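only geometry, no sequence info:
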Ligand SMILES: O=c1ccn([C@H]2C[C@H](O)[C@@H](COP(=O)(O)O)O2)c(=O)[nH]1
Ligand SMILES: O=c1ccn([C@H]2C[C@H](O)[C@@H](COP(=O)(O)O)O2)c(=O)[nH]1
Ligand SMILES: [K+]
Ligand SMILES: [K+]
């Protein structure tokens, strides 16, 4: 089965990952240096042993594609993946007139009462971003995110580089180029960033008219993050291949530090007892080919019949 | 004694059940409309007048709980309860290259030679499911079983409903809800199903911090099926109450057509001559509370000292 590589990764970490403590000491078992590969000709690698909200990866990807870095687009599609990073700034500012909200993501978990005040301040925030263009342009704009790194890489000459756009062009004119790389790691920004890019860089490759992609991920949460990550870049490979008129190749996922948070031990073990089902099939709108102008309705997934969703504590 | 209700049921059917013929005419004595109730505060209702393999009900329940519908999990725990339903499809297919196997469950009993060929084809099948992920995903998946009905009820909108999960949530937030019901009867599937759900539906109820459960069973084999059925739902009541932090209430078993196969007449009479012993006590792992991630070791039974096991012909 297609998802086997991910299940194998889980096993290896379980019985070979060594205990390493991270910033918050949730605790992790980890390995360093790993590579899985998925053949997109067999099916889309969306985990079947656990339901994964594809809508969330579809809108988040489009968000990056448009070179957007403003939360508003996400909220318009009910995608609250990036909220806390934006909300963080709204709290740590001059106009914020409310409860402390300091260490919210942590205090909430350790307090069923704070989880409510925080839940509301967040709700109000999301609303203001959704209707106050000025508030949106100020607290909704994340600035340095994948959308701007991929498509608005700032140069020392005050200009902007559309890395993705250019590479898709180089794919069409120079298919056998060994320099078809998009990077999200900028040394001058990384040391100030709240969250330096996890998905450091990716390289495209063409052969026999098939397009493959390799992704180097410097850090990965195996239980929570990876299932989203696999689908995201498997989707990109399909889209970029749609625009370039190529047939799908392989998705190679390379890992630096792949870890399993000690608090997700039983959820993963449970998932492992599950037997994979046949993979779903993706279907991209044939009439539209400018992937930059793609919409939610343009990407269609089929025959995805997963197991129940597993609930786990987002380590922090 | 706790199990008395079951013994009373046996008596009533013996001297009041009327002869009704079923599909295969094994023959049955039956009544329609019956209700027994067990107070789980007195002990776990596992029959003592006849040894019942608790391991089988424990793994079969967990199987449902995980929303699993693939035989493989069962075999991994030596549970061959669901085999024949899966094996049936393996035989009635295109890849099957072996003996007829038609009407196997019947021909076997009427032929000590077929019971051997069938016994082997079955053995090979169980092995392939245990090691061939592709074979497992194809012939091991039962599809419409309690695991998927309870936790993956398919909607007309191509989505899935986690009935159990949602109800456990409603129990925690709305304890006095009169709509805490999980149903396994879907009118659009029932007419095609090989075996429409026996355990039609069950309702939870909270009062005085105690959780009770009522189970409506449309059909029940009194000698063979019922002892397994009582324990199964008495176990569920304990688990769901463990997650919800409630104390145990009662298990109410409601029957539609409760029958005794004419071929089990002497085995039940024999069992009736037996005097019940004190009921065993259940003990759930205190550290783990997410019943969906429970394991065989998490559920412990104590002081179960039954009489010898009674052997009877599984009517077919
Ligand atoms: O889509 C994502 C985003 C993040 N991470 C995880 C990796 C780490 O668990 C944490 C980031 O920690 P640092 O590497 O920044 O220290 O988030 C993923 O696996 N997938
Ligand atoms: O755990 C179970 C499963 C099935 N049955 C019995 C009820 C009937 O004897 C037979 C099903 O017959 P129908 O109701 O489908 O016709 O299996 C039980 O009592 N307990
Ligand atoms: K770089
Ligand atoms: K129903």
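Structure received. Residues are numbered from 1 along each chain as shown, chains lettered A, B, ... in the order given. Ligands and ions are numbered 1, 2, ... in the order given.

is the residue lying closest to residue A:275 once chain neighbours are set aside in a bridge, and if so with what?
Setting aside the residues directly before and after it, residue A:275 is nearest to residue B:70 in space (C-beta to C-beta, 6 or more residues apart in numbering or on different chains), at 4.4 Å. From N, CA and C alone the C-beta is placed, and that goes for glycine too. Residue B:70 forms beta bridges with residue B:141, as assigned by DSSP bridges.

Please, which helix or strand holds the residue in chain A that ligand 4 sits nearest to?
Closest to ligand 4 within chain A is residue A:308: 19.1 Å, counting by C-beta to the ion. Under DSSP states H and E, no helix or strand contains residue A:308.

what about it, neighbour count?
22 (other C-beta atoms under 10 Å in any protein chain shown).

Please list all residues in contact with the one residue in chain A that gets nearest to ligand 1.
Residue nearest to ligand 1 within chain A: residue A:225 (2.3 Å; C-beta to the nearest ligand atom). When contacts are counted by C-beta atoms under 8 Å, 6 or more residues apart in numbering or on different chains, residue A:225 touches residue A:198.

Tell me the spacing between it and residue A:258.
For residue A:225, the distance to residue A:258 equals 10 Å [C-beta to C-beta, to the nearest Å].

Enumerate the residues of the stretch 1-150 of chain A near chain B.
A:1, A:4, A:51 (C-beta under 8 Å from any C-beta of the partner chain).

wait, is the last one part of a strand?
No. The assignment for residue A:51 by DSSP: H, G, I helix; E, B strand; the rest coil gives coil, which leaves it out of any strand.

State whether it and residue A:307 are indeed in contact, as I suppose.
Yes. With contacts defined as C-beta atoms under 8 Å, residue A:51 counts as touching residue A:307 at a distance of 6.8 Å.

Looking at those two, which one has more neighbours?
Ranked by neighbour count (other C-beta under 10 Å), residue A:51 and residue A:307 place residue A:307 first, with 26 against 20.

Now stretch A:47-54: buried residues?
Residues A:47-52, A:54 are the ones in stretch A:47-54 that count as buried (16 or more other C-beta atoms under 10 Å in any protein chain shown).

go on, stretch A:145-163?
A:145-153, A:163.

among these, which are in reach of ligand 4?
Applying C-beta under 5 Å from the ion, the subset of those adjacent to ligand 4 is empty.

Now, the residues you listed that are in strands?
Here DSSP state E is the test, and these give residue A:153 as lying in strands.

Just the ones in helices from the buried residues of stretch A:145-163, please.
If you go by DSSP state H, those have A:146-151, A:163 in helices.

residue contacts, the closest residue in space to residue A:117 that isn't next to it in sequence?
Excluding its sequence neighbours, the residue lying closest to residue A:117 (C-beta to C-beta, 6+ apart) is residue A:99, at 5.3 Å. Residue A:99 is in contact with A:117-118, A:121, counting by C-beta under 8 Å, 6+ apart.

And residue A:57, by the same measure?
For residue A:57, the contacting residues are A:228, A:231-232, A:235, by C-beta under 8 Å, 6+ apart.

sec struct for it, please.
Judged by three-state DSSP, the three-state class of residue A:57 is helix.

Show the residue spans covered by the strands in the stretch 51-200 of chain A.
Counting by DSSP state E, counting those that start in this stretch, the stretch 51-200 of chain A has strands at residues A:153-154, A:160-161, A:181-183.

so can I have a markdown table of those showing distance to ligand 2?
Output for those, formatted as a markdown table (distance: least, C-beta to the nearest ligand atom, whole Å):
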| stretch | distance to ligand 2 |
| --- | --- |
| strand A:153-154 | 63 |
| strand A:160-161 | 66 |
| strand A:181-183 | 57 |
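
As JSON lines, the ones you listed with distance to residue B:140 would be great.
Listed next are the strands of the stretch 51-200 of chain A as JSON lines, based on distance: least, C-beta to C-beta, whole Å:
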{"stretch": "strand A:153-154", "distance to residue B:140": "50"}
{"stretch": "strand A:160-161", "distance to residue B:140": "52"}
{"stretch": "strand A:181-183", "distance to residue B:140": "42"}
